[PDB]
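Here's entry-v1.cif, which has mmCIF, C-alpha atoms:
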data_run
loop_
_atom_site.group_PDB
_atom_site.id
_atom_site.type_symbol
_atom_site.label_atom_id
_atom_site.label_comp_id
_atom_site.auth_asym_id
_atom_site.auth_seq_id
_atom_site.Cartn_x
_atom_site.Cartn_y
_atom_site.Cartn_z
ATOM 1 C CA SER I 1 -37.032 -23.995 -13.511
ATOM 2 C CA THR I 2 -35.829 -20.482 -14.273
ATOM 3 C CA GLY I 3 -32.590 -18.627 -14.954
ATOM 4 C CA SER I 4 -31.524 -14.982 -14.673
ATOM 5 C CA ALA I 5 -28.235 -13.490 -15.868
ATOM 6 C CA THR I 6 -26.903 -9.972 -16.167
ATOM 7 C CA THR I 7 -25.882 -8.771 -19.630
ATOM 8 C CA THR I 8 -23.247 -6.043 -19.919
ATOM 9 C CA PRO I 9 -22.321 -3.708 -22.809
ATOM 10 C CA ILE I 10 -18.890 -4.512 -24.278
ATOM 11 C CA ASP I 11 -17.959 -0.851 -24.716
ATOM 12 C CA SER I 12 -19.135 2.731 -24.203
ATOM 13 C CA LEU I 13 -21.327 2.636 -27.342
ATOM 14 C CA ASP I 14 -23.329 -0.497 -26.463
ATOM 15 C CA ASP I 15 -21.941 -2.140 -29.614
ATOM 16 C CA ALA I 16 -22.937 -5.546 -28.206
ATOM 17 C CA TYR I 17 -23.752 -7.179 -24.874
ATOM 18 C CA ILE I 18 -22.042 -10.105 -23.138
ATOM 19 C CA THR I 19 -23.566 -12.554 -20.681
ATOM 20 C CA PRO I 20 -21.577 -15.058 -18.596
ATOM 21 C CA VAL I 21 -22.248 -18.729 -19.436
ATOM 22 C CA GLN I 22 -20.961 -21.773 -17.547
ATOM 23 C CA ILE I 23 -19.813 -24.628 -19.814
ATOM 24 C CA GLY I 24 -18.551 -28.022 -18.715
ATOM 25 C CA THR I 25 -17.489 -29.693 -15.497
ATOM 26 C CA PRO I 26 -15.865 -28.054 -13.636
ATOM 27 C CA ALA I 27 -17.468 -24.933 -15.061
ATOM 28 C CA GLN I 28 -15.606 -22.854 -17.617
ATOM 29 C CA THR I 29 -17.191 -19.404 -17.710
ATOM 30 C CA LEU I 30 -17.235 -17.677 -21.097
ATOM 31 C CA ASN I 31 -18.830 -14.330 -21.943
ATOM 32 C CA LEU I 32 -21.197 -14.924 -24.852
ATOM 33 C CA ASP I 33 -23.165 -12.627 -27.134
ATOM 34 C CA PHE I 34 -26.807 -13.722 -26.835
ATOM 35 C CA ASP I 35 -28.178 -13.463 -30.370
ATOM 36 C CA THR I 36 -31.897 -13.774 -31.112
ATOM 37 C CA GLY I 37 -31.030 -13.574 -34.832
ATOM 38 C CA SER I 38 -29.062 -16.852 -35.018
ATOM 39 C CA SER I 39 -29.257 -20.384 -33.652
ATOM 40 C CA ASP I 40 -25.729 -21.670 -32.954
ATOM 41 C CA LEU I 41 -23.968 -21.703 -29.585
ATOM 42 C CA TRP I 42 -20.325 -21.439 -30.593
ATOM 43 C CA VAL I 43 -17.197 -20.650 -28.621
ATOM 44 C CA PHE I 44 -13.556 -19.788 -28.911
ATOM 45 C CA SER I 45 -11.768 -22.957 -27.866
ATOM 46 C CA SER I 46 -8.521 -24.849 -27.443
ATOM 47 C CA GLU I 47 -9.126 -25.912 -31.071
ATOM 48 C CA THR I 48 -9.241 -22.365 -32.473
ATOM 49 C CA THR I 49 -6.351 -21.507 -34.813
ATOM 50 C CA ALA I 50 -3.872 -19.863 -32.434
ATOM 51 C CA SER I 51 -3.269 -16.770 -34.575
ATOM 52 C CA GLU I 52 -7.029 -16.106 -34.530
ATOM 53 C CA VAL I 53 -7.245 -15.913 -30.728
ATOM 54 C CA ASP I 54 -6.447 -12.486 -29.220
ATOM 55 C CA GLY I 55 -7.520 -12.115 -25.599
ATOM 56 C CA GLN I 56 -10.691 -14.236 -25.612
ATOM 57 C CA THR I 57 -11.396 -16.829 -22.966
ATOM 58 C CA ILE I 58 -11.439 -20.314 -24.490
ATOM 59 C CA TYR I 59 -13.404 -23.500 -23.849
ATOM 60 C CA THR I 60 -11.142 -26.536 -23.461
ATOM 61 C CA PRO I 61 -13.313 -29.630 -23.848
ATOM 62 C CA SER I 62 -10.547 -32.010 -22.764
ATOM 63 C CA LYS I 63 -10.734 -30.388 -19.300
ATOM 64 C CA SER I 64 -14.483 -31.009 -18.983
ATOM 65 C CA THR I 65 -15.484 -34.402 -17.614
ATOM 66 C CA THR I 66 -18.946 -34.038 -19.164
ATOM 67 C CA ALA I 67 -17.810 -33.061 -22.690
ATOM 68 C CA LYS I 68 -18.365 -35.570 -25.484
ATOM 69 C CA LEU I 69 -17.374 -35.155 -29.115
ATOM 70 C CA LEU I 70 -20.458 -35.226 -31.344
ATOM 71 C CA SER I 71 -19.032 -37.621 -33.884
ATOM 72 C CA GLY I 72 -18.908 -36.392 -37.453
ATOM 73 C CA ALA I 73 -20.605 -33.064 -36.705
ATOM 74 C CA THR I 74 -19.329 -29.797 -38.147
ATOM 75 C CA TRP I 75 -20.688 -26.270 -38.334
ATOM 76 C CA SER I 76 -20.086 -23.129 -40.373
ATOM 77 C CA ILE I 77 -21.901 -19.832 -40.138
ATOM 78 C CA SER I 78 -21.871 -16.468 -41.863
ATOM 79 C CA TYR I 79 -23.484 -13.422 -40.281
ATOM 80 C CA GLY I 80 -25.178 -10.400 -41.823
ATOM 81 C CA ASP I 81 -22.162 -8.208 -41.111
ATOM 82 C CA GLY I 82 -19.919 -10.462 -43.201
ATOM 83 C CA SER I 83 -18.256 -12.193 -40.254
ATOM 84 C CA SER I 84 -18.020 -15.981 -39.990
ATOM 85 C CA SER I 85 -16.753 -18.962 -38.010
ATOM 86 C CA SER I 86 -16.635 -22.770 -38.251
ATOM 87 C CA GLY I 87 -15.531 -25.930 -36.461
ATOM 88 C CA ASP I 88 -16.626 -29.157 -34.795
ATOM 89 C CA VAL I 89 -19.109 -29.962 -32.035
ATOM 90 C CA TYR I 90 -19.226 -31.249 -28.476
ATOM 91 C CA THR I 91 -22.143 -31.866 -26.189
ATOM 92 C CA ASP I 92 -21.695 -30.600 -22.636
ATOM 93 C CA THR I 93 -23.514 -29.100 -19.673
ATOM 94 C CA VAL I 94 -24.359 -25.426 -20.130
ATOM 95 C CA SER I 95 -25.785 -23.131 -17.463
ATOM 96 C CA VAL I 96 -27.070 -19.575 -17.738
ATOM 97 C CA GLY I 97 -27.991 -17.666 -14.625
ATOM 98 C CA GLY I 98 -28.727 -20.849 -12.682
ATOM 99 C CA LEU I 99 -30.622 -22.656 -15.468
ATOM 100 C CA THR I 100 -28.852 -25.844 -16.573
ATOM 101 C CA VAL I 101 -29.126 -27.824 -19.816
ATOM 102 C CA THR I 102 -27.343 -31.157 -20.119
ATOM 103 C CA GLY I 103 -26.297 -32.400 -23.552
ATOM 104 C CA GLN I 104 -26.251 -28.942 -25.139
ATOM 105 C CA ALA I 105 -24.434 -28.723 -28.465
ATOM 106 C CA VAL I 106 -21.383 -26.522 -27.916
ATOM 107 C CA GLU I 107 -19.856 -25.641 -31.269
ATOM 108 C CA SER I 108 -16.091 -25.343 -30.942
ATOM 109 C CA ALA I 109 -14.458 -22.916 -33.368
ATOM 110 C CA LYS I 110 -11.505 -24.084 -35.400
ATOM 111 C CA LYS I 111 -11.623 -20.859 -37.445
ATOM 112 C CA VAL I 112 -13.059 -17.395 -36.832
ATOM 113 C CA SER I 113 -13.014 -14.304 -39.059
ATOM 114 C CA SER I 114 -10.998 -11.190 -38.286
ATOM 115 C CA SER I 115 -13.910 -9.287 -36.730
ATOM 116 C CA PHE I 116 -14.180 -11.934 -34.008
ATOM 117 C CA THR I 117 -10.433 -12.143 -33.363
ATOM 118 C CA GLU I 118 -10.276 -8.347 -33.040
ATOM 119 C CA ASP I 119 -12.990 -8.255 -30.375
ATOM 120 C CA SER I 120 -11.358 -9.508 -27.201
ATOM 121 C CA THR I 121 -14.558 -9.116 -25.160
ATOM 122 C CA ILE I 122 -16.737 -11.706 -26.956
ATOM 123 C CA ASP I 123 -15.892 -15.372 -26.325
ATOM 124 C CA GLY I 124 -18.610 -16.690 -28.653
ATOM 125 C CA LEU I 125 -22.322 -16.504 -29.450
ATOM 126 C CA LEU I 126 -25.392 -18.095 -27.893
ATOM 127 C CA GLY I 127 -28.130 -18.265 -30.514
ATOM 128 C CA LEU I 128 -31.741 -17.720 -29.507
ATOM 129 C CA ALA I 129 -33.542 -17.748 -32.877
ATOM 130 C CA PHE I 130 -35.388 -20.905 -33.972
ATOM 131 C CA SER I 131 -33.480 -24.174 -34.176
ATOM 132 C CA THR I 132 -34.340 -24.510 -37.873
ATOM 133 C CA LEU I 133 -31.462 -22.053 -38.501
ATOM 134 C CA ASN I 134 -28.844 -24.110 -36.628
ATOM 135 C CA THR I 135 -25.917 -24.883 -38.949
ATOM 136 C CA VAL I 136 -24.670 -28.189 -37.507
ATOM 137 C CA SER I 137 -24.318 -30.895 -40.135
ATOM 138 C CA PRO I 138 -25.297 -33.647 -40.748
ATOM 139 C CA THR I 139 -27.606 -33.542 -37.712
ATOM 140 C CA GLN I 140 -29.051 -30.122 -36.868
ATOM 141 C CA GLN I 141 -28.864 -29.217 -33.182
ATOM 142 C CA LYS I 142 -31.214 -27.383 -30.814
ATOM 143 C CA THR I 143 -30.654 -23.993 -29.197
ATOM 144 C CA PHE I 144 -30.161 -23.600 -25.455
ATOM 145 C CA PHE I 145 -33.704 -22.213 -25.177
ATOM 146 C CA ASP I 146 -35.216 -25.044 -27.224
ATOM 147 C CA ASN I 147 -33.479 -27.597 -24.961
ATOM 148 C CA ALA I 148 -34.522 -25.808 -21.755
ATOM 149 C CA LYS I 149 -38.076 -24.992 -22.785
ATOM 150 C CA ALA I 150 -39.988 -27.978 -21.450
ATOM 151 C CA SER I 151 -38.335 -27.602 -18.036
ATOM 152 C CA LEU I 152 -39.011 -23.878 -17.691
ATOM 153 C CA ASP I 153 -41.854 -22.599 -15.502
ATOM 154 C CA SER I 154 -43.148 -20.821 -18.638
ATOM 155 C CA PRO I 155 -41.713 -21.326 -22.165
ATOM 156 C CA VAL I 156 -40.340 -17.791 -22.484
ATOM 157 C CA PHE I 157 -37.229 -15.710 -22.217
ATOM 158 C CA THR I 158 -36.947 -11.941 -21.846
ATOM 159 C CA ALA I 159 -34.392 -9.370 -22.981
ATOM 160 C CA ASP I 160 -33.961 -6.217 -20.915
ATOM 161 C CA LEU I 161 -30.964 -4.476 -22.453
ATOM 162 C CA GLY I 162 -29.575 -1.329 -20.830
ATOM 163 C CA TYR I 163 -28.564 1.968 -22.372
ATOM 164 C CA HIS I 164 -24.954 2.478 -21.316
ATOM 165 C CA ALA I 165 -25.659 0.124 -18.411
ATOM 166 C CA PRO I 166 -26.089 -3.564 -17.591
ATOM 167 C CA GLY I 167 -29.396 -5.338 -18.150
ATOM 168 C CA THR I 168 -30.879 -8.808 -17.791
ATOM 169 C CA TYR I 169 -31.781 -11.975 -19.669
ATOM 170 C CA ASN I 170 -34.388 -14.071 -17.846
ATOM 171 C CA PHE I 171 -35.495 -17.588 -18.745
ATOM 172 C CA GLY I 172 -38.793 -19.129 -17.695
ATOM 173 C CA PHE I 173 -40.533 -16.152 -16.088
ATOM 174 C CA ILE I 174 -41.633 -12.572 -16.640
ATOM 175 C CA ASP I 175 -40.314 -10.112 -14.032
ATOM 176 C CA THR I 176 -43.325 -7.847 -13.570
ATOM 177 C CA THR I 177 -41.172 -5.281 -11.745
ATOM 178 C CA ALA I 178 -38.919 -4.752 -14.783
ATOM 179 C CA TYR I 179 -41.286 -2.715 -16.968
ATOM 180 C CA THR I 180 -43.953 -0.025 -16.780
ATOM 181 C CA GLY I 181 -47.512 -0.292 -18.014
ATOM 182 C CA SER I 182 -48.523 -3.441 -19.866
ATOM 183 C CA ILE I 183 -46.808 -5.807 -22.280
ATOM 184 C CA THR I 184 -48.292 -5.696 -25.785
ATOM 185 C CA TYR I 185 -48.011 -8.997 -27.617
ATOM 186 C CA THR I 186 -47.795 -9.276 -31.379
ATOM 187 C CA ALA I 187 -47.752 -12.147 -33.888
ATOM 188 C CA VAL I 188 -44.550 -13.879 -34.994
ATOM 189 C CA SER I 189 -43.735 -15.650 -38.243
ATOM 190 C CA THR I 190 -41.141 -18.391 -37.858
ATOM 191 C CA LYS I 191 -41.022 -19.058 -41.622
ATOM 192 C CA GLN I 192 -37.498 -17.635 -41.961
ATOM 193 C CA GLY I 193 -36.316 -18.971 -38.590
ATOM 194 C CA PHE I 194 -36.354 -15.529 -36.942
ATOM 195 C CA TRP I 195 -38.461 -13.728 -34.354
ATOM 196 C CA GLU I 196 -40.164 -11.927 -37.243
ATOM 197 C CA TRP I 197 -43.032 -9.537 -36.571
ATOM 198 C CA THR I 198 -44.791 -6.505 -38.066
ATOM 199 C CA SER I 199 -44.533 -3.079 -36.486
ATOM 200 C CA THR I 200 -47.595 -0.875 -36.976
ATOM 201 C CA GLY I 201 -45.682 2.323 -37.817
ATOM 202 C CA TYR I 202 -43.417 5.064 -36.582
ATOM 203 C CA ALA I 203 -42.982 8.671 -35.536
ATOM 204 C CA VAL I 204 -39.984 11.005 -35.592
ATOM 205 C CA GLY I 205 -39.569 13.179 -32.513
ATOM 206 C CA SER I 206 -42.800 14.898 -31.583
ATOM 207 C CA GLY I 207 -44.190 14.351 -35.081
ATOM 208 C CA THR I 208 -47.386 12.595 -36.065
ATOM 209 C CA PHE I 209 -47.482 8.801 -36.053
ATOM 210 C CA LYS I 210 -47.400 7.202 -39.513
ATOM 211 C CA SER I 211 -49.452 4.010 -39.640
ATOM 212 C CA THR I 212 -47.621 1.597 -41.916
ATOM 213 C CA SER I 213 -46.699 -2.090 -41.657
ATOM 214 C CA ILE I 214 -42.982 -2.743 -41.185
ATOM 215 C CA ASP I 215 -41.991 -6.414 -41.192
ATOM 216 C CA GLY I 216 -38.753 -7.084 -39.377
ATOM 217 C CA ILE I 217 -36.858 -9.223 -36.888
ATOM 218 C CA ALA I 218 -36.157 -8.755 -33.186
ATOM 219 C CA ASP I 219 -32.387 -9.269 -33.167
ATOM 220 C CA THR I 220 -30.343 -8.793 -29.996
ATOM 221 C CA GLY I 221 -27.184 -9.651 -31.960
ATOM 222 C CA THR I 222 -27.428 -6.622 -34.271
ATOM 223 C CA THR I 223 -26.329 -3.259 -32.854
ATOM 224 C CA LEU I 224 -28.426 -0.838 -34.895
ATOM 225 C CA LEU I 225 -31.988 -0.295 -36.117
ATOM 226 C CA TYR I 226 -32.296 -1.043 -39.857
ATOM 227 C CA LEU I 227 -35.509 0.181 -41.495
ATOM 228 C CA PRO I 228 -36.811 1.002 -44.991
ATOM 229 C CA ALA I 229 -35.090 3.872 -46.792
ATOM 230 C CA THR I 230 -38.227 6.006 -46.723
ATOM 231 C CA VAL I 231 -38.475 5.787 -42.915
ATOM 232 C CA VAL I 232 -34.764 6.389 -42.397
ATOM 233 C CA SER I 233 -34.756 9.430 -44.713
ATOM 234 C CA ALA I 234 -37.703 10.891 -42.784
ATOM 235 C CA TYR I 235 -35.785 10.511 -39.515
ATOM 236 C CA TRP I 236 -32.483 12.031 -40.637
ATOM 237 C CA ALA I 237 -34.229 14.908 -42.420
ATOM 238 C CA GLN I 238 -34.999 16.194 -38.897
ATOM 239 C CA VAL I 239 -31.280 16.456 -38.046
ATOM 240 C CA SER I 240 -29.540 19.515 -39.502
ATOM 241 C CA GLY I 241 -26.488 18.518 -41.486
ATOM 242 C CA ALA I 242 -27.217 14.775 -41.472
ATOM 243 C CA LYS I 243 -26.498 12.942 -44.712
ATOM 244 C CA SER I 244 -25.976 9.486 -46.099
ATOM 245 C CA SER I 245 -22.288 8.906 -46.763
ATOM 246 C CA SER I 246 -21.404 6.153 -49.220
ATOM 247 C CA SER I 247 -17.768 6.396 -48.102
ATOM 248 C CA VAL I 248 -18.574 5.879 -44.423
ATOM 249 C CA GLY I 249 -21.354 3.362 -45.093
ATOM 250 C CA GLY I 250 -24.497 5.056 -43.838
ATOM 251 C CA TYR I 251 -26.043 8.123 -42.317
ATOM 252 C CA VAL I 252 -23.739 10.435 -40.404
ATOM 253 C CA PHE I 253 -24.579 13.611 -38.535
ATOM 254 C CA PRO I 254 -22.760 16.500 -36.848
ATOM 255 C CA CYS I 255 -21.681 15.429 -33.384
ATOM 256 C CA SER I 256 -22.961 18.827 -32.140
ATOM 257 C CA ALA I 257 -26.554 17.850 -33.018
ATOM 258 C CA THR I 258 -29.325 17.014 -30.593
ATOM 259 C CA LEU I 259 -31.070 13.910 -32.013
ATOM 260 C CA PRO I 260 -34.845 13.502 -32.012
ATOM 261 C CA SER I 261 -36.468 10.413 -30.564
ATOM 262 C CA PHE I 262 -37.873 7.657 -32.775
ATOM 263 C CA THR I 263 -41.123 5.848 -31.926
ATOM 264 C CA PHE I 264 -42.158 2.459 -33.292
ATOM 265 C CA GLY I 265 -45.561 0.821 -33.035
ATOM 266 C CA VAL I 266 -46.381 -2.523 -31.462
ATOM 267 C CA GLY I 267 -50.061 -3.001 -32.171
ATOM 268 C CA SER I 268 -51.736 0.062 -30.652
ATOM 269 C CA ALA I 269 -48.796 0.565 -28.256
ATOM 270 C CA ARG I 270 -45.754 2.753 -28.806
ATOM 271 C CA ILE I 271 -42.087 2.297 -27.860
ATOM 272 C CA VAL I 272 -40.035 5.494 -27.734
ATOM 273 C CA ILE I 273 -36.313 5.332 -28.497
ATOM 274 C CA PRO I 274 -34.690 8.447 -26.974
ATOM 275 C CA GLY I 275 -32.508 10.480 -29.315
ATOM 276 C CA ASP I 276 -29.343 9.737 -27.363
ATOM 277 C CA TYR I 277 -29.777 5.995 -28.086
ATOM 278 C CA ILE I 278 -29.292 6.814 -31.784
ATOM 279 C CA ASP I 279 -25.806 8.360 -31.317
ATOM 280 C CA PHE I 280 -22.935 5.964 -32.136
ATOM 281 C CA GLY I 281 -20.224 8.566 -31.759
ATOM 282 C CA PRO I 282 -17.403 9.808 -33.968
ATOM 283 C CA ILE I 283 -16.856 7.885 -37.194
ATOM 284 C CA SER I 284 -13.140 7.811 -36.324
ATOM 285 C CA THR I 285 -11.347 9.013 -33.224
ATOM 286 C CA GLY I 286 -11.442 12.803 -32.943
ATOM 287 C CA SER I 287 -13.922 13.319 -35.793
ATOM 288 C CA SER I 288 -16.874 15.705 -35.445
ATOM 289 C CA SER I 289 -18.935 13.492 -37.773
ATOM 290 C CA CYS I 290 -20.964 10.973 -35.784
ATOM 291 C CA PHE I 291 -22.450 7.663 -36.937
ATOM 292 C CA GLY I 292 -26.209 7.221 -36.800
ATOM 293 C CA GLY I 293 -28.004 4.406 -35.017
ATOM 294 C CA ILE I 294 -30.889 4.226 -37.500
ATOM 295 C CA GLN I 295 -29.758 3.025 -40.938
ATOM 296 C CA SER I 296 -31.346 1.818 -44.149
ATOM 297 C CA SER I 297 -32.133 -1.879 -44.577
ATOM 298 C CA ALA I 298 -32.143 -1.491 -48.360
ATOM 299 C CA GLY I 299 -30.003 -4.295 -49.723
ATOM 300 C CA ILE I 300 -30.029 -6.226 -46.430
ATOM 301 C CA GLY I 301 -33.289 -7.734 -47.583
ATOM 302 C CA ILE I 302 -34.909 -7.542 -44.152
ATOM 303 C CA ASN I 303 -35.656 -4.896 -41.535
ATOM 304 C CA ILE I 304 -33.847 -5.420 -38.227
ATOM 305 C CA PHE I 305 -34.991 -4.244 -34.816
ATOM 306 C CA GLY I 306 -31.539 -4.445 -33.281
ATOM 307 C CA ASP I 307 -30.240 -3.270 -29.920
ATOM 308 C CA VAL I 308 -31.049 0.418 -30.572
ATOM 309 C CA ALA I 309 -34.735 -0.493 -30.644
ATOM 310 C CA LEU I 310 -34.786 -3.410 -28.215
ATOM 311 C CA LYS I 311 -32.962 -1.583 -25.409
ATOM 312 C CA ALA I 312 -35.829 0.935 -25.269
ATOM 313 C CA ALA I 313 -38.159 -1.919 -24.244
ATOM 314 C CA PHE I 314 -38.681 -4.942 -22.053
ATOM 315 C CA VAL I 315 -39.021 -7.700 -24.661
ATOM 316 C CA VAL I 316 -40.707 -11.080 -24.225
ATOM 317 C CA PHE I 317 -39.730 -13.916 -26.553
ATOM 318 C CA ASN I 318 -42.682 -16.260 -26.057
ATOM 319 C CA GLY I 319 -41.831 -19.764 -27.242
ATOM 320 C CA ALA I 320 -45.275 -21.264 -26.717
ATOM 321 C CA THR I 321 -46.596 -23.630 -29.396
ATOM 322 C CA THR I 322 -47.503 -20.549 -31.418
ATOM 323 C CA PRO I 323 -44.686 -18.105 -30.644
ATOM 324 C CA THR I 324 -45.331 -14.391 -30.062
ATOM 325 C CA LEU I 325 -43.310 -11.310 -29.085
ATOM 326 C CA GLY I 326 -44.171 -8.896 -26.315
ATOM 327 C CA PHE I 327 -42.976 -5.322 -25.820
ATOM 328 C CA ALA I 328 -43.346 -3.024 -22.809
ATOM 329 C CA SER I 329 -41.948 0.386 -22.012
ATOM 330 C CA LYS I 330 -39.590 0.548 -19.011
#

This structure in structure tokens:
Amino acid sequence: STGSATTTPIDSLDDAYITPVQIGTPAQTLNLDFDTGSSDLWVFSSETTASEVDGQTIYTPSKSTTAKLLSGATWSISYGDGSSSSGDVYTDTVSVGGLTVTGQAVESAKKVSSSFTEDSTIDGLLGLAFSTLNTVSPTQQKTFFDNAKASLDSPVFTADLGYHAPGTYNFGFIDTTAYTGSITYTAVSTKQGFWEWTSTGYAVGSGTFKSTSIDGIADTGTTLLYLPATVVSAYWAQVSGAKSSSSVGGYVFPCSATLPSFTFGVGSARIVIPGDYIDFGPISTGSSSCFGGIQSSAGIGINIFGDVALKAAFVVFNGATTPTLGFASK
């Protein structure tokens, strides 16, 4: 089997992407944030504290003839940005782009943090990291991909995120029309539960490529590109007037600037992030100080190839017995 679904930016900055997901019988369609940095499929629901729901579409398990309470199961998750959610668990039928999993764990939120309430466009998350990170207790549950894998034509999914435009998540096949050149595959460590890999270096604008190993994670659920302080300083030094602002929480730059591109290495291959992908707009409405899309990972504890990086590529998440990651230009 295969599936294919369009993923759409939630706003004009590509802060996140939402993908429609059918849950239950009859289907209830929710728009979920597909997150290769976590492993829980959780949703706003009829069980979510009413004051914490503000415009989201909810899953109502009592209206699904295929929903079953997973007795005794609870979940609770905290994300790198400080947000969190928790609740109980149902199993139900879940379909993405025509690909159906029966008995998928659907984690129903009883509580969500303010950041989730305040974002009316995201109805929940669909985790695509390794199932070892799933938070369900006392019996850990499998991701949608893990459940689908054996049935897929090939045990893969691909992320093709757009810049200021829709893109695609495919399951079970590689669309050879969706990228240019070849896909370069690179080794993955699953030791921390992430799609963790090592970039071979970087360049800033038309500058020389610096060969250096950068361990990090491919994370569709993180907006920005978080890299070591040395690398980030080298980038922003090429932007007149750019500075790190402790008050704002990262590098800012004059909105009048033209940003240089940023290149990262995948083996001997190179992915070029155009300068415009690195602009996250005014820090507050009407400001002429703009927020940068490349930020330091210092104190995160891990480098993160978030949407800024991934949207410059066609990315293969290969879930074969030994997983790997592939990147192509597009």

*asked:* Which residues are near residue 238 (chain I)? Cut-off 10 Å, all atoms listed in the file, ignore same chain within fewer than 6 positions. Put them as a ChimeraX atom specification.
replied: /I:204-205,259-260

*Spell out the residues picked by the PyMOL selection byres ((chain I and resi 44-59) around 8) here, as a ChimeraX atom specification.*
/I:23,28,30-31,42-43,60-61,108-114,117-124

*Which is closest to residue 232 (chain I) among I:207, I:282, I:293, I:267, if we use only C-alpha atoms?*
I:293

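The interatomic distance for the pair CA of residue 150 (chain I) and CA of residue 99 (chain I) works out to 12.3 Å.
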
*Distance CA of residue 242 (chain I)-CA of residue 283 (chain I), one decimal place?*
13.2 Å
